[PDB]
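Only one chain is included here, represented as structure tokens and corresponding to the form deposited in one PDB entry.
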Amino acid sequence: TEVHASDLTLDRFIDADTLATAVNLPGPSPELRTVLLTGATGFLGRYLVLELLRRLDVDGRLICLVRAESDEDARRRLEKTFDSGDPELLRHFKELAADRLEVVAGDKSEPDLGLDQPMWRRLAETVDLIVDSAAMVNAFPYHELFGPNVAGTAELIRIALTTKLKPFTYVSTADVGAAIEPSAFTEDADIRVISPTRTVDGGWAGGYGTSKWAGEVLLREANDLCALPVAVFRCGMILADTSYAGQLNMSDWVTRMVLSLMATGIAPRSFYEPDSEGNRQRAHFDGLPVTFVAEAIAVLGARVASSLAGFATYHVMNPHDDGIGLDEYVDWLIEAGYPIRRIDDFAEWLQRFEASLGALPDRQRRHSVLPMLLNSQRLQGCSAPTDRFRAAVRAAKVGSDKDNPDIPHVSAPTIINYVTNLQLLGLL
């Protein structure tokens, strides 16, 4: 069935009194004291916990909405996130969280975020910035129910419109642009103009692209109606990195592939079409380390709450023409001494690869790329533009290198860290 942008109007989710008051609500406080974060337990979210606490002053407070039976159960579920076989991760967390961290039980999709009236009112009064982080990022079994998704974003927008206007940071995805003409899929575009309609299946469930799309559309509406300051971050593939050990996005294509290449021992000569002379063509994989992405999001979203007016979208992606793609990742694994070899003919590799995945133990096979079965050599970022995000990264000096700040390149230790992590997790 078809869902239209024109149908995702705020009046269908938020009461008129709230919407009317919001037009005359005082514009945001330029002071960043209290931040509300959703999805703190997620892969990206846990990194945003760390980065948002770093941005906050000694008088600052981060409030994490977490799914649980009680606040004790929520605070513990999040404590366990940073107690994952790395003592340095736990030490940074505890230090940064000390007296500045509040964790509350609740569901984004439930009315009032599943919170008591006094808590909800307190949040509406005090919150200076809302950060809406996708609990699942880049997952293969991505199957989100559209109803609860959309209702959730509307509930966050509602708290952003209630007592004072709140800057809203929304984690989105590059997949929003899957069905859109490449020239039209830009950072400046109104998502409602360039993508007026989508589809869901018969069970009202949507793919990653459609899920985030609806959120962007609703935020555009909040911007039109009420001048809500909004920052949308469309992320590409987000990579585990070496900041901490043991932090893996198990369900994404990359983690599954590294697992599949390792456990099978076999890679192809090239993942991409060879040239006329049969040789390996320059390629680029669009991946960013999670540390960078969390930092970028925390820094660029937090500065709206300075007091930057307007609707902003950023393409959080790796746009370098650096010749660093899937074949290089394989090169790095081989060079590190891992038991992986390559078959010349892509076609043979693929027949053997599929067969060999079928021979693996139950758990491995399940967390591999084998379920994703449905092709052929790839083709080669430079697809989607990154002008706004790149300028913002350089302007805000996002990253370690404060002299030449830029979007990083993927290097070998990041890839090797995938196998290291998979071993600690028992999967290899």
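So that the term is clear: the rigid core is the largest set of C-alpha atoms that superpose within 1.5 Å between two forms. Each residue number is its position in the shown sequence, starting from 1.
Another form, the form deposited in another entry, is not on view; read the next lines as being about it.
- Among the residues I194, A139, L225, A178, the single one whose Cα moves by at least 2 Å between the shown form and the other one, once the core is superposed, is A139.
- Remark: with the core as the superposition reference, the CA shift of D275 between the shown form and the other one reaches 2 Å or more.
- Residue displacement note: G206 has its CA displaced by at least 2 Å between the shown form and the other one (rigid core superposed).
- One change in the other form concerns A139 and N417, whose Cα atoms lie at least 3 Å farther apart than in this form.
- Look at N138 and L239: in the other form their Cα atoms move 3 Å or more farther apart than in this form.
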